[PDB]
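**Q** See work_32.cif below, with mmCIF, C-alpha atoms and all ligand atoms.
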```
data_coords
#
loop_
_atom_site.group_PDB
_atom_site.id
_atom_site.type_symbol
_atom_site.label_atom_id
_atom_site.label_comp_id
_atom_site.auth_asym_id
_atom_site.auth_seq_id
_atom_site.Cartn_x
_atom_site.Cartn_y
_atom_site.Cartn_z
ATOM 1 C CA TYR T 495 -23.014 -6.225 22.983
ATOM 2 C CA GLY T 496 -24.835 -3.690 25.023
ATOM 3 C CA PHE T 497 -21.846 -1.581 25.921
ATOM 4 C CA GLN T 498 -22.184 0.780 28.874
ATOM 5 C CA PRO T 499 -19.619 3.197 30.260
ATOM 6 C CA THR T 500 -19.896 1.770 33.772
ATOM 7 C CA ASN T 501 -18.673 -1.696 32.787
ATOM 8 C CA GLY T 502 -15.783 -3.419 34.462
ATOM 9 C CA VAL T 503 -12.694 -3.855 32.350
ATOM 10 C CA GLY T 504 -13.025 -6.970 30.253
ATOM 11 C CA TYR T 505 -16.491 -5.838 29.297
ATOM 12 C CA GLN T 506 -15.522 -2.548 27.735
ATOM 13 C CA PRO T 507 -15.050 -2.327 23.987
ATOM 14 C CA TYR T 508 -11.625 -2.914 22.508
ATOM 15 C CA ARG T 509 -10.729 -2.024 18.953
ATOM 16 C CA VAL T 510 -8.597 -4.534 17.078
ATOM 17 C CA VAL T 511 -6.515 -4.334 13.900
ATOM 18 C CA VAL T 512 -4.929 -7.464 12.448
ATOM 19 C CA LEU T 513 -2.107 -6.884 9.991
ATOM 20 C CA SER T 514 -1.391 -9.839 7.760
ATOM 21 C CA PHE T 515 1.685 -9.738 5.561
ATOM 22 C CA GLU T 516 1.418 -12.035 2.589
ATOM 23 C CA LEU T 517 3.940 -13.018 -0.071
ATOM 24 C CA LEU T 518 2.389 -14.416 -3.246
ATOM 25 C CA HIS T 519 4.903 -14.622 -6.106
ATOM 26 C CA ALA T 520 5.137 -11.123 -7.576
ATOM 27 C CA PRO T 521 8.310 -9.098 -8.210
ATOM 28 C CA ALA T 522 8.132 -6.929 -5.080
ATOM 29 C CA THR T 523 6.010 -4.499 -3.065
ATOM 30 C CA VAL T 524 5.818 -2.341 0.060
ATOM 31 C CA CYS T 525 8.612 -2.532 2.632
ATOM 32 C CA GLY T 526 10.274 -0.877 5.619
ATOM 33 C CA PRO T 527 11.717 2.647 5.564
ATOM 34 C CA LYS T 528 15.152 3.996 4.615
ATOM 35 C CA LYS T 529 16.598 7.099 6.275
ATOM 36 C CA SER T 530 18.996 9.372 4.390
ATOM 37 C CA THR T 531 22.331 10.635 5.715
ATOM 38 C CA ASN T 532 24.543 13.500 4.547
ATOM 39 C CA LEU T 533 27.348 13.746 1.989
ATOM 40 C CA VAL T 534 30.936 14.704 2.827
ATOM 41 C CA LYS T 535 32.708 15.553 -0.424
ATOM 42 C CA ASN T 536 36.500 15.258 -0.605
ATOM 43 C CA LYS T 537 37.607 12.472 1.750
ATOM 44 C CA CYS T 538 38.043 8.741 1.152
ATOM 45 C CA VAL T 539 34.892 7.927 3.118
ATOM 46 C CA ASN T 540 32.824 4.775 2.651
ATOM 47 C CA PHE T 541 29.580 5.464 0.826
ATOM 48 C CA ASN T 542 26.235 4.013 -0.219
ATOM 49 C CA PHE T 543 24.164 5.775 -2.906
ATOM 50 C CA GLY R 199 6.026 -8.357 -13.279
ATOM 51 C CA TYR R 200 7.182 -4.967 -14.529
ATOM 52 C CA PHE R 201 5.607 -3.428 -17.611
ATOM 53 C CA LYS R 202 8.155 -1.079 -19.161
ATOM 54 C CA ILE R 203 7.295 1.601 -21.704
ATOM 55 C CA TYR R 204 9.798 3.547 -23.779
ATOM 56 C CA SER R 205 8.713 6.327 -26.062
ATOM 57 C CA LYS R 206 9.808 9.138 -28.349
ATOM 58 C CA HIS R 207 8.041 11.975 -30.165
ATOM 59 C CA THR R 208 9.707 13.110 -33.352
ATOM 60 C CA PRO R 209 8.192 15.642 -35.755
ATOM 61 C CA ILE R 210 7.800 14.373 -39.324
ATOM 62 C CA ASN R 211 7.594 16.713 -42.284
ATOM 63 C CA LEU R 212 5.096 14.316 -43.854
ATOM 64 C CA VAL R 213 1.613 13.507 -42.594
ATOM 65 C CA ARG R 214 1.198 9.704 -42.358
ATOM 66 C CA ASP R 215 4.043 7.593 -43.865
ATOM 67 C CA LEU R 216 6.885 5.819 -42.041
ATOM 68 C CA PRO R 217 10.076 7.865 -42.563
ATOM 69 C CA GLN R 218 13.756 6.951 -42.438
ATOM 70 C CA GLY R 219 16.362 7.888 -39.862
ATOM 71 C CA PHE R 220 17.773 7.195 -36.396
ATOM 72 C CA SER R 221 16.157 8.216 -33.115
ATOM 73 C CA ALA R 222 16.644 6.417 -29.786
ATOM 74 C CA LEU R 223 13.697 5.923 -27.437
ATOM 75 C CA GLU R 224 13.893 7.087 -23.749
ATOM 76 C CA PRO R 225 12.229 5.197 -20.883
ATOM 77 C CA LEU R 226 8.935 6.628 -19.654
ATOM 78 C CA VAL R 227 7.161 4.432 -17.136
ATOM 79 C CA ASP R 228 7.574 1.349 -14.932
ATOM 80 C CA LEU R 229 4.581 -0.516 -13.469
ATOM 81 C CA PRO R 230 4.983 -3.336 -10.892
ATOM 82 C CA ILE R 231 1.772 -5.099 -11.878
ATOM 83 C CA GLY R 232 2.364 -8.838 -12.157
ATOM 84 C CA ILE R 233 -0.192 -9.084 -14.978
ATOM 85 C CA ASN R 234 0.145 -11.746 -17.689
ATOM 86 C CA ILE R 235 -0.053 -10.485 -21.279
ATOM 87 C CA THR R 236 -0.672 -12.332 -24.535
ATOM 88 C CA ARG R 237 -2.740 -9.882 -26.587
ATOM 89 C CA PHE R 238 -3.301 -6.178 -27.157
ATOM 90 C CA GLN R 239 -5.393 -3.739 -29.192
ATOM 91 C CA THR R 240 -5.706 -0.063 -30.091
ATOM 92 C CA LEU R 241 -8.214 2.740 -29.459
ATOM 93 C CA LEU R 242 -9.418 5.338 -31.952
ATOM 94 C CA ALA R 243 -11.577 8.477 -31.912
ATOM 95 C CA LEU R 244 -14.471 8.031 -34.358
ATOM 96 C CA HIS R 245 -15.949 10.378 -36.945
ATOM 97 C CA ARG R 246 -19.229 11.923 -35.829
ATOM 98 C CA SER R 247 -19.078 15.655 -36.571
HETATM 99 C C1 LIG Y 601 1.048 -16.596 -16.832
HETATM 100 O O1 LIG Y 601 0.530 -17.722 -17.569
HETATM 101 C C2 LIG Y 601 1.277 -18.933 -17.398
HETATM 102 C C3 LIG Y 601 0.698 -19.949 -18.355
HETATM 103 O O2 LIG Y 601 1.678 -20.888 -18.765
HETATM 104 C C4 LIG Y 601 1.189 -19.358 -15.941
HETATM 105 O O3 LIG Y 601 1.900 -20.578 -15.756
HETATM 106 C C5 LIG Y 601 1.776 -18.259 -15.069
HETATM 107 O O4 LIG Y 601 1.649 -18.612 -13.697
HETATM 108 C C6 LIG Y 601 1.070 -16.923 -15.326
HETATM 109 N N1 LIG Y 601 1.724 -15.858 -14.583
HETATM 110 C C7 LIG Y 601 1.570 -15.679 -13.269
HETATM 111 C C8 LIG Y 601 2.335 -14.541 -12.668
HETATM 112 O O5 LIG Y 601 0.845 -16.400 -12.596
#
```
With the file now loaded, output its structure as structure tokens.
Ligand SMILES: *[C@@H]1O[C@H](CO)[C@@H](O)[C@H](O)[C@H]1NC(C)=O
**A**
Amino acid sequence: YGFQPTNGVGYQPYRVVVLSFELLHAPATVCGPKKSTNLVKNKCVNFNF
Amino acid sequence: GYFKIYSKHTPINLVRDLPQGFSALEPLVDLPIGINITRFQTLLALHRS
């Protein structure tokens, strides 16, 4: 590619990243995130620890 | 796929014989490898000086 700055769109360089999630047969690995809330002590309030 | 390691460091009042007594071992590490294992060895520091 001889890229030049005065090229019409569709001839200018694009950078590409291809993420490929694979699942072999291990026990686990990476994963999404998990925010953390607060803790209100003294009050029958549902909880997850 | 997890390789667990428990350990304990007790002080003997001997040098190199297996003593008697009770001492429970506390978990140290956890490695999500996936590795298969069938054999193992040891490593020693030679005599040169
Ligand atoms: C470990 O070796 C056994 C051999 O019987 C094989 O079937 C198994 O797939 C191996 N473990 C993994 C995680 O591939």
**Q** Go ahead and compute the interatomic distance for atom CA of residue 230 of chain R and atom CA of residue 512 of chain T, in Å to one decimal.
**A**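 Between atom CA of residue 230 of chain R and atom CA of residue 512 of chain T the gap works out to 25.7 Å.
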**Q** Out of R:208, R:236, R:218, R:247, which residue has the shortest atom-to-atom distance to ligand LIG 601 (chain Y) when counting all atoms listed in the file?
**A**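 Counting all atoms listed in the file, the residue closest to ligand LIG 601 (chain Y) is R:236.
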**Q** Tell me as a list in words which residues belonging to chain T come within 9 Å of chain R, counting only C-alpha atoms.
**A**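 Within 9 Å of chain R on chain T, we get residues 519, 520, 521, 522 and 523 of chain T.
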**Q** Mind pulling up the distance from atom CA of residue 202 of chain R to atom CA of residue 235 of chain R?
**A** 12.7 Å
**Q** Running the PyMOL selection byres (((chain R and resi 225) around 6) and not hetatm) on this model by hand, what would come out? Give it as a PDB file with C-alpha atoms, in the coordinates of the input.
**A**
```pdb
ATOM      1  CA  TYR R 204       9.798   3.547 -23.779  1.00  0.00           C
ATOM      2  CA  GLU R 224      13.893   7.087 -23.749  1.00  0.00           C
ATOM      3  CA  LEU R 226       8.935   6.628 -19.654  1.00  0.00           C
TER       4      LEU R 226
END
```
